[PDB]
Amino acid sequence: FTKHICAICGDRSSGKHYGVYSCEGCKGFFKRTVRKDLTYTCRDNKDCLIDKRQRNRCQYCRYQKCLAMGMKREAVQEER
Amino acid sequence: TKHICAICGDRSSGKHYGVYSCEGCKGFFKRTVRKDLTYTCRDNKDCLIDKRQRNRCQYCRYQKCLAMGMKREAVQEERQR
DNA sequence: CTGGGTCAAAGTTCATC
DNA sequence: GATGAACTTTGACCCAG
Ligand SMILES: [Zn+2]
Ligand SMILES: [Zn+2]
Ligand SMILES: [Zn+2]
Ligand SMILES: [Zn+2]
């Protein structure tokens with residue numbers, strides 16, 4: 001079931017992931033970012049629009065928005 | 001399931017934009033859609049699109065991508081380099 | 001009331017022309 | 001700039017009280 005919306009990009013959501021209502025895309029993205037301790041950089045103004053269509057344009061801005069909406073790095077477990 | 005590109009007959013590398021196709025036809029469809037490129041056929045819009053002559057008519061290669069089922073809706077926005 | 005995993009099919013890269 | 005073989009990321013769908 002996906003009755004709520006993603007706080008980061010506005011796509012559909014099953015509910016909270018890492019503390020925030022998010023879609024499978026934003027969940028996966030935050031998980032991988034944290035697991036591999038990735039660092040991104042914005043080529044524009046560090047204010048890129050994050051919606052379903054544009055969410056992959058800028059990883060840096062997608063990641064800042066994950067944090068801004070409440071996703072917590074501590075909620076990502078170690079790899080099994 | 002097929003290992004032949006439905007557009008040009010070269011070995012396909014998997015399904016791309018809805019059609020079993022090669023990396024060449026995938027790449028060409030992606031670029032055409034992303035950049036809104038329009039081509040013109042020099043002959044009569046019926047050029048042979050095969051592994052060896054696929055680049056000899058962009059108009060006919062693109063029309064064949066569409067005819068074989070490639071979907072423009074499956075090409076996404078360009079990401080940051 | 002959300003942790004985990006996969007891998008098809010999206011993506012980009014860059015040597016070669 | 002265009003191409004295409006090789007390389008990387010995404011996210012829909014599945015697992016589990
Ligand atoms: Zn999202
Ligand atoms: Zn940005
Ligand atoms: Zn082909
Ligand atoms: Zn032609």
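In the text below, chain A, chain B and the rest are named by the order of the sequence lines, each starting its count at 1.
- A negative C1'-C2'-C3'-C4' torsion places the sugar of D:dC13 in the south, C2'-endo-side range.
- A heavy atom closer than 4.0 Å to some atom of DNA chain D occurs in B:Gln58, B:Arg61, these being the qualifying members of residues 56-77 of chain B.
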Please write out each protein N/O paired with an N/O of nucleotides 13-17 of chain D under 3.5 Å, distance rounded to 0.1 Å.
| from | atom 1 | to | atom 2 | distance (Å) |
| --- | --- | --- | --- | --- |
| D:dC13 | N4 | A:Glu24 | OE1 | 2.8 |

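- Side-chain nitrogen and oxygen atoms of B:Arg79 include none within less than 4.0 Å of the OP1 or OP2 phosphate oxygen of D:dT9.
- Contact check, B:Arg34 against C:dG11: a side-chain N or O comes under 4.0 Å of OP1 or OP2.
- Distance CD (B:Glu78) to P (C:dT12): 6 Å, rounded to an integer number of Å.
- Distance NZ (A:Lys36) to P (D:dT8): 10 Å, rounded to an integer number of Å.
- An OP1 or OP2 oxygen of C:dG11 is reached within less than 4.0 angstrom by a side-chain nitrogen or oxygen of B:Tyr17.
- With respect to the salt-bridge test (charged N to carboxylate O, under 4.0 angstrom), the residues A:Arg73 and A:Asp37 qualify.
- When the nearest nucleotides of DNA chain D are assigned to B:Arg54 and A:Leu38 by heavy-atom distance, the more 5′-ward of the two goes with B:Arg54.
- Relative to the ring axis of A:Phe29, A:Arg62 places its NZ or CZ within 45° and under 6.0 Å from the centre.
- Residues passing the ring pair (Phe, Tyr, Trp, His ring centres under 6.0 Å) test with A:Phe30 are A:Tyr18, A:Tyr63, sequence neighbours excluded.
- Residue contacts for A:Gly25: at a heavy-atom cut-off of 4.0 Å it reaches the sugar-phosphate backbone alone, with no base atom in range.
- With salt bridges taken as basic N to acidic carboxylate O contacts below 4.0 Å, none links B:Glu77 and A:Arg57.
- Residue contacts for B:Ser13: at a heavy-atom cut-off of 4.0 Å it reaches no nucleic acid atom on any strand shown.
- Here C:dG5 presents its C1' atom at 16 Å from CD of A:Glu78, a figure rounded to the nearest Å.
- Sugar conformation at C:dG4 is north: the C1'-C2'-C3'-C4' dihedral has a positive sign, consistent with the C3'-endo side.
- Between the CZ atom of A:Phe29 and the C1' atom of C:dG11 there is a distance of 14 Å, given to the nearest Å.
- Contact between the side-chain N/O atoms of A:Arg32 and the OP1/OP2 oxygens of D:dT9 is not found at any separation under 4.0 Å.
- On the basis of its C1'-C2'-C3'-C4' angle being negative, D:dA5 carries a south sugar.
- For A:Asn56 and D:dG11, the shortest distance from a side-chain N or O to OP1 or OP2 is below 4.0 Å.
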